[PDB]
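Note sheet for the following structure.
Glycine also receives a Cβ, built like all others from the backbone with ideal geometry; neighbour counts cover every protein chain displayed. Please treat every number below as a calculation from the coordinates, not as lab data.
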Amino acid sequence: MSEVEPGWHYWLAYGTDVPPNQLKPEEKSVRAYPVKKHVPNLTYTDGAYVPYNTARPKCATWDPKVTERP
Amino acid sequence: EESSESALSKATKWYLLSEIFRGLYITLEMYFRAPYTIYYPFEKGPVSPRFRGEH
Ligand SMILES: CCCCCCCCCCCC(=O)OC[C@H](COP(=O)(O)OCC[N+](C)(C)C)OC(=O)CCCCCCCCCCC
Ligand SMILES: CCCCCCCCCCCC(=O)OC[C@H](COP(=O)(O)OCC[N+](C)(C)C)OC(=O)CCCCCCCCCCC
């Protein structure tokens, strides 16, 4: 089921009577970024989403330096 | 002594399972009716613009 594009997923579930290919130009979404081919759910594969922290550590350790005494 | 139906009439229903055959007949009527099943994932149930799913 995840192979269905998000454009037609809403139409299949009787969410609207206007298919995405019949959409008015003003009703379409405007993307400033390029569009790629539809990617289905990637579970049970090597492409599964891997969560990670998007923030740096909250404390930075001291970079050690040596100064010779007089 | 105050029954409206005669003993023979009450026995005929009781011995011949009058209401049981009535219940069987109603169940058989649905056998010749259209079912409700939809063929997911080839078909989807109704959705509304207010529906809450993945963020
Ligand atoms: C021929 C062999 C196959 C059927 C054998 C069994 C039939 C019923 C025997 C007892 C009847 C009885 O006792 O009749 C009496 C009852 C109820 O009527 P009441 O309450 O007196 O009505 C009130 C008085 N009126 C008559 C003025 C209105 O009738 C029934 O509920 C009939 C059941 C019909 C539906 C099922 C029939 C098909 C069965 C499924 C296929 C096998
Ligand atoms: C001379 C002619 C002989 C007829 C032969 C057939 C007789 C059948 C039995 C009649 C008595 C009876 O069903 O009795 C009902 C009994 C005991 O009921 P009780 O505790 O006495 O209450 C009732 C008496 N009242 C009202 C005075 C208090 O329990 C039951 O509900 C049994 C349910 C069995 C259902 C099986 C049906 C399966 C499908 C069959 C159709 C294809």
Original post:
So, in nm, how far is label B:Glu2 from label A:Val18 when the simple model puts each one 7 Å beyond its Cα toward the Cβ?
Top reply: 7.1
Original post:
Can you pull the mean other chain C-beta count within 10 Å for peptide A:13-22?
Top reply: 2
**OP:** Using a 10 Å cut-off on Cβ to Cβ distances, tally the other chain neighbours for every residue of B:6-12 and report the average as a whole number.
**Re:** 0
Original post:
When the scattering of the protein assembly as shown is computed by the Debye formula from its Cα atoms alone, each counted once and equally, what is log10 I(q)/I(0) at q = 0.14, 0.15, 0.18, 0.20 Å⁻¹?
Top reply: -0.96, -1.03, -1.21, -1.31
Subject >> Over chain B - Rg/Rh using Cα atoms and the Kirkwood inverse-distance radius >> reply: 1.45
Original post:
When a footprinting reagent is the concern and you count Cβ atoms within 10 Å, what order do A:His38, B:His55 take, fewest first?
Top reply: B:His55, A:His38
**OP:** Express in whole angstrom the spacing between the alpha-carbon centres of chain B and the range A:49-70.
**Re:** 71
Original post:
Any idea how many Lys pairs in chain A come in under 29 angstrom at the alpha carbon, given 8 or more places apart or on separate chains?
Top reply: 4
Subject >> Inter-label distance for A:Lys36 and A:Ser2, nm, one decimal - labels placed 7 Å from Cα along Cα-to-Cβ >> reply: 1.5
Subject >> Linear extension gain, B:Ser9 paired with B:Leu24, 0.36 nm per residue minus alpha-carbon span >> reply: 3.3 nm
Original post:
Relative to the Cα centre, what is the charge dipole magnitude of chain B, using +1 at the beta carbon of each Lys and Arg, -1 at the beta carbon of each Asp and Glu, and rounding to the nearest 20 debye?
Top reply: 400
Subject >> log10 of Debye I(q)/I(0), alpha-carbon scatterers only, for chain A at 0.14, 0.15, 0.20, 0.22 Å⁻¹ >> reply: -0.74, -0.80, -1.04, -1.12
